[PDB]
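One chain comes next, on its own, written out as structure tokens in the form deposited in one PDB entry.
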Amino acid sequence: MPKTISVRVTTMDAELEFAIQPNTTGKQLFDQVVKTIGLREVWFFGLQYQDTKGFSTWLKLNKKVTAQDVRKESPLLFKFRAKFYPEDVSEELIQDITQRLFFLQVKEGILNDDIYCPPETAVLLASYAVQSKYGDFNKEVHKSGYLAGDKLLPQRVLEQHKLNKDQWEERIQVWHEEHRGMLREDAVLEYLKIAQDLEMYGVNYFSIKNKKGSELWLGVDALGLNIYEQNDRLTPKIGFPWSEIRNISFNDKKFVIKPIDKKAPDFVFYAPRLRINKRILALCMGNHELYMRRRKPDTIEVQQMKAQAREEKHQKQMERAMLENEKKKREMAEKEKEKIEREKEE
């Protein structure tokens, strides 16, 4: 019976709705979501919402949904996004669905200026993005100004030929054509190989303060923590790889990163609300757990996947060549229907 609560879950490309009750856990809602869309590499994902206080977090899967301050509005809003990024997408993103999702989430972040991207890289990124949307460049169907309708570059990157958007749709095409002979999938994965190397890719930024009260930025990623200055979020002032951490903890707004190396100092910072601290150590344990995972041998589930992937691919290199030949003929056959009709137009 229990009062039902309306829930909207937006994925990168989809739009979902569900129903939950007071005793429903985050994990239970999560599994309904992944079940639906058909995702198996769940370990990189999570459900994100906004704080009553205005922050952005990930629903805890072990506790009840309505038990962790949600906006208290209806329906409830959650975004199904990538929460942990791998160290090598080429090696760790096994299935397409998983690739497409990272791809869309990252592109959105590259296009909205959430992730810094130098102009030349943005242009190159756009080409791969068009290559997977439009396919090989066709000098016949792709009538100049074909790109004129979609977001290809960050606003920052634009404006440099502003009111001259044609120059961009021009520089981009130069590369689009340079990609003839590459499937949507490879383009996507190549986009990611490029993005995956940007200085602020896959970095969770937290606003903090120095022991004296200096506004800094903490960052958590698959490699450790970093402290950035208030005017720069691209370059770390101090680093903290896992191997350089022997113990981290907090005490209501006070964080402590115990060095593992030649008894260096002891970095400490202070966060406004208490949750922020709880969250930071959560991301860390998460990222570190995954950091370790990649180091140990592949599990068993993975081995099955990586396998039903290579074979799944091969089954699409043949199908890709079967639909190719049964039309590479259709040409030689219609180049005849012509050769003849033409010769007998007398």
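So that there is no doubt, residue numbering starts at 1 and follows the sequence shown. Shifts are known only where both forms have a C-alpha. Rigid core (definition): largest C-alpha set, two forms, superposition within 1.5 Å.
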Open item on the list: Going by the mean C-alpha B-factor recorded in the entry, which is higher: 100 to 108 or 161 to 169?
Closed with: 161 to 169
TODO: Look over 285 to 293 and 313 to 321 in the entry and identify the one with the greater average Cα temperature factor.
DONE: 313 to 321
TODO: For the C-alpha B-factor as written in the entry, point me to the maximum among 79, 83, 176, 262.
DONE: 262
TODO: Between 252, 185, 114, 199, let me know which has the highest C-alpha B-factor in the entry?
DONE: 252
Task: residue 142 by Cα B-factor - lowest, middle or highest third of the modelled chain - done: highest
Open item on the list: Test of reading the entry: by CA B factor among the chain's modelled residues, which third contains residue 204?
Closed with: lowest
Task: residue 12 CA temperature factor, ranked by third within the chain - done: lowest
Task: Position of residue 279 among the chain's modelled residues by C-alpha B-factor, lowest, middle or highest third - done: middle
- [ ] Determine, from the deposited record, the chain-internal third of the Cα B-factor for residue 88: lowest, middle or highest.
- [x] lowest
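Form solved in complex with a partner chain: not shown, discussed below.
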Task: is_contact(residue 133, its partner chain) in the deposited bound form, heavy atom dist at most 4.5 Å - done: yes
Open item on the list: Since only the chain is shown here, I'm wondering whether residue 56 would be in contact with its partner chain in the deposited bound form (any heavy atom pair within 4.5 Å).
Closed with: no
Open item on the list: Considering non-hydrogen atoms and a 4.5 Å limit, does its partner chain approach residue 29 in the deposited bound form?
Closed with: yes
Open item on the list: Taking only shifts of 2 Å or more in Cα after a rigid core superposition between the shown form and the other one, tell me which of 161, 71, 275, 151 qualifies.
Closed with: 161
Open item on the list: Using a rigid core superposition, assess whether residue 261 undergoes a CA shift of 2 Å or more between the shown form and the other one.
Closed with: yes
Task: Distance trend in the deposited bound form - C-alpha atoms of residue 163 and residue 172, change of 3 Å or more - done: closer
- [ ] Only counting residues present in both forms, give the runs of 3 or more in a row whose C-alpha shift is 2 Å or more between the shown form and the other one, core aligned.
- [x] 159 to 163, 261 to 263
